[PDB]
Structures are given as C-alpha cells and as structure tokens.
Amino acid sequence: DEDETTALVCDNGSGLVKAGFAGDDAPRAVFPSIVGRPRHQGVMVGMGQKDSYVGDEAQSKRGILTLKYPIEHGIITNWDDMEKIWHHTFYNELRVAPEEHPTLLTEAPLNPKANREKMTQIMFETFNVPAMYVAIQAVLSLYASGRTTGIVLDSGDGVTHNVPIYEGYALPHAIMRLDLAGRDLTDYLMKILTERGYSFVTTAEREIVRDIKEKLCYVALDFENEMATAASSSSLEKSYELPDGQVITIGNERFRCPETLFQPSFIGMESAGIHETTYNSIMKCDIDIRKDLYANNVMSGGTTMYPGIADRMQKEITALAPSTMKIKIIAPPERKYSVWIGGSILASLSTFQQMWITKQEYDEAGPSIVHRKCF
Ligand SMILES: Nc1ncnc2c1ncn2[C@@H]1O[C@H](COP(=O)(O)OP(=O)(O)O)[C@@H](O)[C@H]1O
Ligand SMILES: [Ca+2]
C-alpha cells in the first residue's frame, strides 16, 4: 500500500475475526464470526435495518436474531454465511479491496484437507486476491514471545492444541487436538446452571452466556479445596443483573465451568486436562528434545485469559512429567493475540516471499495449489 507492497494480516477462528493491515501491533477490524437472521418475524414497515445482520451489528441487536454460527471448532457448519462474514472485513471496515493486497490468515491447526483449497478458492477463484498464506497458529506466538523451543498450548475459542515446538518444527505424531476449549467453556455453563435454576437455552441468551463468562468467572486453583469455600458467600456470589432484567447470581458456576479444562470427569469423557495432554505431546518426541520445552511452556489464546491459570499449571505439570528442572509457563501479558502478533511479523518481512501462494500459481496448479505449496 502506498510506497511499499504491504498486506492484511488476519486471525479468524471459531469466535472472533480479528483483522488489521500489516506490520501493526494488534487488531483493528474485529467482529464475532457469525451471521444472524430474523427469527422474531411478525411483519414490517419500519425494520431494524438488515437482511443479514453480521458480526458486530449482529451481536448488538440480538433479540430478533437466530445467530447462525459458522466455524464451530474450525469446522464450519455450512459455508454460505461465511462469504457475507468476510464481505464485512475488507470493504466495510478496512475499505480495501481483497483484489489488491496479500492476505494472511491462520490455519486452525488440523482444519480438514479440503478446507484449505475451499478457502483459497473463495479468494483466488471468486474474489481474486493477489497472494495469501494461512499460518499454523501456535508456532507464530513463540517467536513474538522471543522463544524458539517450548511446549505451546494455544486455544482461543474452538479447539484445544498442545504443540511441542523446538528449534525446528513439530509433526503429527506428537502434537494433539481436543474439543474442550474456550467456547465449550462458554456453552458448558448452561449444562450446569440448571442446579440453581437457570438455563439460557436459546439463541440470544446463548450469546449472553459467553458475555457473562469472560468478564467474571475465574479458574479454581484447586477445585476440591475450593468446593467447601462455596459456603463462603462473598468470594463466589456476585450479581449479574442482566441489562434487560434478570439477576444471574453466578456462584460456584464461576469456577466449576473453568475447571472442565483440567477436569473432563465433569462433562463426561476420559480426556485428561490440558495439563496431562501437555505430557502426552511432550513424551512422544525424540529422547533428546525435551529439556528446553520444559524450560518454557508457552500458554496462549482466549482460553488462557481467565484469572488464576498459569499458577495452576505450575503445580499440576510437575506431578507426572520429568522431574529434573526449571519448569516454567510463559504466558505473555496479553497472550491471547499470540497468533496475530506472530503473524504480523511474517507479513511485514519481505523474506516471506520465498513461501506464499501468488495469484497465478493457483491457476497454474488448480485448486490443489494449496497442497502443492503447503500441506
Ligand atoms: N478475557 C477473556 N477471558 C476469557 N475468555 C475470553 C476472554 N476474551 C475472550 N474470551 C473467549 O475467547 C474466545 C474467543 O477467542 P479468540 O482468540 O478471539 O478466537 P478463536 O480461537 O476462535 O480464534 C471466546 O470463547 C471468548 O468468550
Ligand atoms: Ca484462534
């Protein structure tokens, strides 16, 4: 753009599309990736200004809407809303044509084979984007935190991932994937809420369950001990008087839902928490590779933003791992935009040119150009 090539960086997942230009610190355009439709019906003369209420516009006028969620855990429920989602991004906020710049996105690690092509097509065959790359999440983070080896656990909204990374990159044989992440914490809440006598069961209320969560519910440091502290109506109970009108006195639910990350005996599964799946990744590798993975355990995404989390893993991780060392969780001050800031650098370095898919390479290699360059 202007005197230089430049581009647009983009982290999109199951909950927020976070768009910006290139070189930038952290995001500019940001919106929930959802498309809403008018479930309230009746008729019209005056109308609340939309056919598809999208992202921001959507989340703001919740009531009439049946919020068609798309990317639940990297898999999209149906792709049709998605084109309107990205129709926001470029033209409406950023005012830039996709048909002009490079695009950086993120690979929501182990998003299916065909989704790679299907995405690149929406750009290159439908909306002729000049160059693009989708970068594989967890690793980006590492470099922005100034780390080369460590065990990263990156989870935002959609899917849990425990990545061992070193001075050279990981492989499917050791890394893991699980469905128990940030948004599942979000949704989980209502399964449990029943015992007080609440269950925001439907659409608009579904979104209020997310909202409650990120600004008040905290992680149990050691749940079991804290269970008797549920008698202490001070720590726990707090008022959420919904600005509509209904008090949700989120007592024990404020840490009982977080705990499911380290405790799947609460939903019903055999998954161990993210502290044990971290051993699960780390063990599977070569024998000499672990000493510095243990020296830095990178912890990022929307998932690691709750109050009381690094500290937890400090205890828990020691118990079933290798013993010998200075074990240490590195969770950056803002650690959620891990994906984004690591990505920024790549789409600011011109060295990145000895990688990407450029506009004519697609035509010259068909849809498959994505697995002809990448994987
Ligand atoms: N302060 C926070 N504490 C905990 N949960 C948060 C916080 N900020 C956002 N979240 C949750 O993180 C998720 C969105 O994270 P995000 O990184 O934006 O996207 P995604 O991994 O899908 O790419 C949602 O569950 C949202 O509720
Ligand atoms: Ca993400």
# chains A, B, ... in the order shown; residues from 1 in each chain; ligands from 1
>>> residues_near_ligand(ligand="ligand 1", cutoff="8 Å", atoms="only C-alpha atoms and all ligand atoms", output="VMD selection string")
chain A and resid 11 to 18 73 to 74 108 155 to 159 181 to 186 210 to 211 213 to 215 301 to 307 336 to 337
>>> write_last_selection(atoms="N, CA and C atoms", output="compact mmCIF listing (two decimals), in the first residue's frame")
# COMPACT_ATOMS: atom_id res chain seq x y z
N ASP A 11 -6.40 -13.21 11.83
CA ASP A 11 -6.57 -14.41 12.66
C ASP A 11 -8.09 -14.49 12.68
N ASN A 12 -8.61 -15.65 12.31
CA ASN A 12 -10.04 -15.91 12.34
C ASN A 12 -10.12 -17.28 12.95
N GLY A 13 -11.11 -17.48 13.79
CA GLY A 13 -11.30 -18.76 14.40
C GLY A 13 -12.77 -18.96 14.52
N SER A 14 -13.03 -19.73 15.55
CA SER A 14 -14.38 -20.11 15.84
C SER A 14 -15.19 -18.96 16.50
N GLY A 15 -14.57 -18.01 17.22
CA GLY A 15 -15.26 -16.90 17.86
C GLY A 15 -15.05 -15.52 17.23
N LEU A 16 -13.85 -14.92 17.22
CA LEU A 16 -13.63 -13.60 16.62
C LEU A 16 -12.82 -13.52 15.33
N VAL A 17 -13.24 -12.80 14.28
CA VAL A 17 -12.33 -12.47 13.20
C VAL A 17 -11.69 -11.19 13.73
N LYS A 18 -10.36 -11.16 13.64
CA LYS A 18 -9.55 -10.06 14.13
C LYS A 18 -8.76 -9.54 12.93
N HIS A 73 -15.52 -24.93 16.04
CA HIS A 73 -14.28 -25.72 16.20
C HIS A 73 -13.48 -25.90 14.90
N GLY A 74 -13.36 -24.83 14.11
CA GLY A 74 -12.62 -24.94 12.85
C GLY A 74 -13.51 -25.48 11.73
N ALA A 108 -6.19 -23.20 11.46
CA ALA A 108 -6.71 -23.54 12.75
C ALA A 108 -6.41 -25.02 12.84
N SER A 155 -5.11 -22.17 22.60
CA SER A 155 -6.51 -22.45 22.42
C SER A 155 -7.20 -21.10 22.60
N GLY A 156 -8.13 -20.77 21.73
CA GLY A 156 -8.83 -19.48 21.80
C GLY A 156 -10.26 -19.73 22.22
N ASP A 157 -10.96 -20.10 21.17
CA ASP A 157 -12.35 -20.46 21.23
C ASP A 157 -12.58 -21.93 20.88
N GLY A 158 -12.43 -22.30 19.61
CA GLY A 158 -12.70 -23.62 19.02
C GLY A 158 -12.02 -24.94 19.35
N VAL A 159 -10.70 -25.10 19.28
CA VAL A 159 -10.07 -26.41 19.52
C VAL A 159 -8.75 -26.32 20.24
N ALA A 181 -12.51 -26.44 24.42
CA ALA A 181 -11.83 -25.17 24.58
C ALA A 181 -12.69 -23.99 24.99
N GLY A 182 -12.18 -22.76 24.89
CA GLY A 182 -12.84 -21.51 25.27
C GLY A 182 -14.34 -21.42 25.08
N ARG A 183 -14.84 -21.71 23.87
CA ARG A 183 -16.26 -21.66 23.56
C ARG A 183 -17.02 -22.80 24.19
N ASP A 184 -16.35 -23.92 24.44
CA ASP A 184 -17.00 -25.04 25.09
C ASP A 184 -17.15 -24.65 26.52
N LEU A 185 -16.19 -23.93 27.12
CA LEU A 185 -16.39 -23.39 28.46
C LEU A 185 -17.65 -22.47 28.48
N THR A 186 -17.72 -21.58 27.47
CA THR A 186 -18.82 -20.67 27.22
C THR A 186 -20.09 -21.51 27.32
N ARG A 210 -21.74 -16.45 26.97
CA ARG A 210 -20.37 -16.10 26.61
C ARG A 210 -19.94 -14.85 27.39
N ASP A 211 -20.73 -13.79 27.19
CA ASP A 211 -20.56 -12.45 27.78
C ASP A 211 -20.32 -12.39 29.29
N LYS A 213 -19.32 -14.85 31.14
CA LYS A 213 -18.13 -15.64 31.34
C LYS A 213 -16.86 -14.79 31.31
N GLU A 214 -16.49 -14.22 30.17
CA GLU A 214 -15.19 -13.57 30.08
C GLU A 214 -14.88 -12.41 31.02
N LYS A 215 -15.88 -11.80 31.64
CA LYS A 215 -15.61 -10.67 32.50
C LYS A 215 -15.87 -10.96 33.98
N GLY A 301 -3.96 -17.75 23.78
CA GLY A 301 -5.32 -17.72 23.27
C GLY A 301 -6.37 -17.13 24.23
N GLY A 302 -7.64 -17.10 23.78
CA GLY A 302 -8.80 -16.67 24.57
C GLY A 302 -8.99 -17.55 25.80
N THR A 303 -8.55 -18.80 25.68
CA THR A 303 -8.58 -19.77 26.76
C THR A 303 -7.65 -19.32 27.90
N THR A 304 -6.39 -18.92 27.71
CA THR A 304 -5.55 -18.62 28.85
C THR A 304 -5.73 -17.22 29.44
N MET A 305 -6.83 -16.54 29.18
CA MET A 305 -7.01 -15.21 29.73
C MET A 305 -7.74 -15.15 31.07
N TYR A 306 -8.34 -16.23 31.58
CA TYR A 306 -9.06 -16.24 32.85
C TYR A 306 -8.19 -15.94 34.09
N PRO A 307 -8.74 -15.33 35.18
CA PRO A 307 -7.94 -15.13 36.39
C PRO A 307 -7.56 -16.42 37.10
N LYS A 336 -3.36 -13.67 24.41
CA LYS A 336 -4.41 -14.11 23.53
C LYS A 336 -4.05 -13.77 22.10
N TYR A 337 -3.58 -12.58 21.75
CA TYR A 337 -3.34 -12.24 20.36
C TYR A 337 -2.02 -12.81 19.80
>>> select_by_dssp(residues="stretch 191-302 of chain A", states="helix (DSSP H, G or I)", output="number ranges by chain")
A: 191-193, 203-214, 223-231, 253-259, 274-283, 291-295
>>> write_last_selection(atoms="N, CA and C atoms", output="tab-separated table (two decimals), in the first residue's frame")
chain	number	residue	atom	x	y	z
A	191	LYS	N	-25.28	-26.20	30.95
A	191	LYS	CA	-25.49	-27.57	31.42
A	191	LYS	C	-25.58	-27.61	32.94
A	192	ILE	N	-24.61	-26.89	33.52
A	192	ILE	CA	-24.59	-26.81	34.96
A	192	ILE	C	-25.63	-25.84	35.59
A	193	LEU	N	-25.91	-24.69	35.02
A	193	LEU	CA	-26.79	-23.69	35.56
A	193	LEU	C	-28.15	-24.13	36.10
A	203	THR	N	-31.10	-18.90	21.49
A	203	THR	CA	-30.06	-18.15	20.79
A	203	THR	C	-29.41	-16.88	21.37
A	204	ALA	N	-30.22	-15.86	21.68
A	204	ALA	CA	-29.73	-14.56	22.13
A	204	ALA	C	-29.14	-14.68	23.54
A	205	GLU	N	-29.84	-15.48	24.32
A	205	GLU	CA	-29.44	-15.86	25.65
A	205	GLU	C	-28.19	-16.72	25.58
A	206	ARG	N	-28.01	-17.57	24.56
A	206	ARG	CA	-26.77	-18.33	24.35
A	206	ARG	C	-25.63	-17.33	24.34
A	207	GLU	N	-25.70	-16.28	23.52
A	207	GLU	CA	-24.66	-15.27	23.48
A	207	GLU	C	-24.49	-14.55	24.82
A	208	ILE	N	-25.47	-14.43	25.71
A	208	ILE	CA	-25.28	-13.72	26.97
A	208	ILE	C	-24.43	-14.62	27.87
A	209	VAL	N	-24.49	-15.95	27.72
A	209	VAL	CA	-23.67	-16.92	28.47
A	209	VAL	C	-22.15	-16.76	28.20
A	210	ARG	N	-21.74	-16.45	26.97
A	210	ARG	CA	-20.37	-16.10	26.61
A	210	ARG	C	-19.94	-14.85	27.39
A	211	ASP	N	-20.73	-13.79	27.19
A	211	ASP	CA	-20.56	-12.45	27.78
A	211	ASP	C	-20.32	-12.39	29.29
A	212	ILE	N	-21.12	-13.17	30.03
A	212	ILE	CA	-21.03	-13.29	31.48
A	212	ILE	C	-19.64	-13.77	31.85
A	213	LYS	N	-19.32	-14.85	31.14
A	213	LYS	CA	-18.13	-15.64	31.34
A	213	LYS	C	-16.86	-14.79	31.31
A	214	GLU	N	-16.49	-14.22	30.17
A	214	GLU	CA	-15.19	-13.57	30.08
A	214	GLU	C	-14.88	-12.41	31.02
A	223	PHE	N	-9.79	-26.88	42.77
A	223	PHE	CA	-11.21	-27.07	42.88
A	223	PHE	C	-11.72	-27.73	44.13
A	224	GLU	N	-11.22	-28.92	44.41
A	224	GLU	CA	-11.65	-29.72	45.53
A	224	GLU	C	-11.66	-28.93	46.83
A	225	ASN	N	-10.57	-28.21	47.08
A	225	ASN	CA	-10.42	-27.41	48.29
A	225	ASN	C	-11.44	-26.28	48.27
A	226	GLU	N	-11.51	-25.58	47.13
A	226	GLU	CA	-12.50	-24.52	46.93
A	226	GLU	C	-13.96	-24.96	47.03
A	227	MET	N	-14.30	-26.24	46.86
A	227	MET	CA	-15.68	-26.69	47.00
A	227	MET	C	-16.24	-26.32	48.38
A	228	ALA	N	-15.52	-26.43	49.51
A	228	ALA	CA	-16.09	-26.02	50.79
A	228	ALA	C	-16.20	-24.52	50.85
A	229	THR	N	-15.34	-23.79	50.14
A	229	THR	CA	-15.37	-22.34	50.05
A	229	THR	C	-16.62	-21.88	49.30
A	230	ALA	N	-17.39	-22.78	48.67
A	230	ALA	CA	-18.67	-22.45	48.08
A	230	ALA	C	-19.68	-22.03	49.14
A	231	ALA	N	-19.41	-22.37	50.39
A	231	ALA	CA	-20.18	-21.91	51.53
A	231	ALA	C	-19.90	-20.42	51.77
A	253	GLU	N	-20.60	-21.67	39.70
A	253	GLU	CA	-20.56	-21.78	38.24
A	253	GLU	C	-19.42	-20.95	37.67
A	254	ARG	N	-19.02	-19.93	38.45
A	254	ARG	CA	-17.92	-19.07	38.08
A	254	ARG	C	-16.60	-19.79	38.05
A	255	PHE	N	-16.39	-20.89	38.77
A	255	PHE	CA	-15.14	-21.63	38.59
A	255	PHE	C	-15.33	-23.08	38.21
A	256	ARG	N	-16.51	-23.65	38.42
A	256	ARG	CA	-16.90	-25.00	38.06
A	256	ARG	C	-16.80	-25.16	36.55
A	257	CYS	N	-17.20	-24.22	35.72
A	257	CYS	CA	-17.12	-24.28	34.28
A	257	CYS	C	-15.69	-24.15	33.88
A	258	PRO	N	-14.87	-23.18	34.35
A	258	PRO	CA	-13.42	-23.23	34.03
A	258	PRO	C	-12.67	-24.54	34.29
A	259	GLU	N	-12.87	-25.14	35.47
A	259	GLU	CA	-12.29	-26.39	35.88
A	259	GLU	C	-12.41	-27.48	34.83
A	274	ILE	N	-5.75	-30.34	30.05
A	274	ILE	CA	-4.67	-29.76	29.28
A	274	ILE	C	-3.38	-29.84	30.06
A	275	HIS	N	-3.34	-30.14	31.36
A	275	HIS	CA	-2.04	-30.34	31.97
A	275	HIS	C	-1.51	-31.73	31.61
A	276	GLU	N	-2.36	-32.76	31.48
A	276	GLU	CA	-1.89	-34.08	31.12
A	276	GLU	C	-1.70	-34.23	29.62
A	277	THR	N	-2.54	-33.65	28.76
A	277	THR	CA	-2.31	-33.73	27.32
A	277	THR	C	-1.00	-33.03	26.96
A	278	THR	N	-0.53	-32.11	27.80
A	278	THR	CA	0.78	-31.50	27.65
A	278	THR	C	1.89	-32.52	27.89
A	279	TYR	N	1.72	-33.47	28.82
A	279	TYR	CA	2.72	-34.52	28.98
A	279	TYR	C	2.60	-35.40	27.74
A	280	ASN	N	1.37	-35.73	27.34
A	280	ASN	CA	1.04	-36.56	26.19
A	280	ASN	C	1.74	-36.09	24.93
A	281	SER	N	1.85	-34.80	24.66
A	281	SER	CA	2.56	-34.33	23.49
A	281	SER	C	4.03	-34.48	23.74
A	282	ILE	N	4.51	-33.89	24.83
A	282	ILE	CA	5.93	-33.85	25.15
A	282	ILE	C	6.62	-35.22	25.14
A	283	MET	N	6.01	-36.28	25.68
A	283	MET	CA	6.66	-37.59	25.73
A	283	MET	C	6.94	-38.16	24.35
A	291	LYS	N	14.29	-31.09	27.23
A	291	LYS	CA	14.84	-30.21	28.26
A	291	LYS	C	14.47	-28.75	28.21
A	292	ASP	N	14.44	-28.10	27.05
A	292	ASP	CA	14.04	-26.70	26.95
A	292	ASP	C	12.54	-26.48	26.67
A	293	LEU	N	11.82	-27.52	26.20
A	293	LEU	CA	10.37	-27.48	26.10
A	293	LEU	C	9.91	-27.23	27.52
A	294	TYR	N	10.50	-27.98	28.45
A	294	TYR	CA	10.20	-27.83	29.86
A	294	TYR	C	10.64	-26.51	30.44
A	295	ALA	N	11.76	-25.97	29.96
A	295	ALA	CA	12.18	-24.65	30.39
A	295	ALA	C	11.21	-23.53	30.01
>>> atom_distance(atom1="atom CA of residue A:82", atom2="atom CA of residue A:134")
16.3 Å
>>> select_by_dssp(residues="stretch 41-137 of chain A", states="strand (DSSP E)", output="list in words")
residues 53, 54, 65, 66, 67, 68, 102, 103, 104, 105, 106, 107, 131, 132, 133, 134, 135 and 136 of chain A
>>> atom_distance(atom1="atom CA of residue A:70", atom2="atom CA of residue A:50")
18.9 Å
>>> residues_around(residues="residue A:21", least_positions_apart="4", cutoff="12 Å", atoms="only C-alpha atoms", output="PyMOL selection string")
chain A and resi 1+5-11+25-30+89-90+93-98+101-105+340-341+343-345+347-348
>>> residues_around(residues="residue A:273", least_positions_apart="5", cutoff="9 Å", atoms="only C-alpha atoms", output="list in words")
residues 259, 260, 261, 262, 263, 264 and 278 of chain A
>>> closest_residue(among="A:319, A:153, A:22, A:201", to="ligand 2", atoms="only C-alpha atoms and all ligand atoms")
A:153
>>> residues_around(residues="residue A:139", least_positions_apart="3", cutoff="10 Å", atoms="only C-alpha atoms", output="PyMOL selection string")
chain A and resi 135-136+142-144+147-154+163-166+169-170+298+338-339+342-343
>>> residues_around(residues="stretch 362-368 of chain A", least_positions_apart="5", cutoff="8 Å", atoms="only C-alpha atoms", output="ChimeraX atom specification")
/A:117-118,120-121,124,357
>>> closest_residue(among="A:189, A:138, A:221, A:374", to="ligand 2", atoms="only C-alpha atoms and all ligand atoms")
A:138
>>> closest_residue(among="A:244, A:115, A:236, A:106", to="ligand 2", atoms="only C-alpha atoms and all ligand atoms")
A:106
>>> closest_residue(among="A:248, A:71, A:58, A:45", to="ligand 2", atoms="only C-alpha atoms and all ligand atoms")
A:71
>>> closest_residue(among="A:130, A:55, A:333, A:112", to="residue A:358", atoms="only C-alpha atoms")
A:130
>>> atom_distance(atom1="atom CA of residue A:68", atom2="atom CA of residue A:180")
20.8 Å
>>> residues_around(residues="residue A:40", least_positions_apart="3", cutoff="9 Å", atoms="only C-alpha atoms", output="ChimeraX atom specification")
/A:37,63-66
>>> write_last_selection(atoms="N, CA and C atoms", output="PDB file, in the first residue's frame")
ATOM      1  N   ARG A  37     -30.110 -13.952  11.523  1.00  0.00           N
ATOM      2  CA  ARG A  37     -31.280 -13.887  10.651  1.00  0.00           C
ATOM      3  C   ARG A  37     -32.569 -13.613  11.453  1.00  0.00           C
ATOM      4  N   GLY A  63     -31.887  -9.771  19.980  1.00  0.00           N
ATOM      5  CA  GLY A  63     -33.260 -10.249  20.074  1.00  0.00           C
ATOM      6  C   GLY A  63     -34.002 -10.779  18.846  1.00  0.00           C
ATOM      7  N   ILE A  64     -34.034 -10.098  17.706  1.00  0.00           N
ATOM      8  CA  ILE A  64     -34.793 -10.589  16.560  1.00  0.00           C
ATOM      9  C   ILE A  64     -34.110 -11.816  15.947  1.00  0.00           C
ATOM     10  N   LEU A  65     -32.855 -12.044  16.294  1.00  0.00           N
ATOM     11  CA  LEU A  65     -31.996 -12.928  15.562  1.00  0.00           C
ATOM     12  C   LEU A  65     -31.799 -14.368  16.016  1.00  0.00           C
ATOM     13  N   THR A  66     -31.615 -15.171  14.973  1.00  0.00           N
ATOM     14  CA  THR A  66     -31.240 -16.558  15.063  1.00  0.00           C
ATOM     15  C   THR A  66     -29.847 -16.483  14.486  1.00  0.00           C
TER      16      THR A  66
END
>>> closest_residue(among="A:315, A:173, A:88, A:116", to="residue A:371", atoms="only C-alpha atoms")
A:116
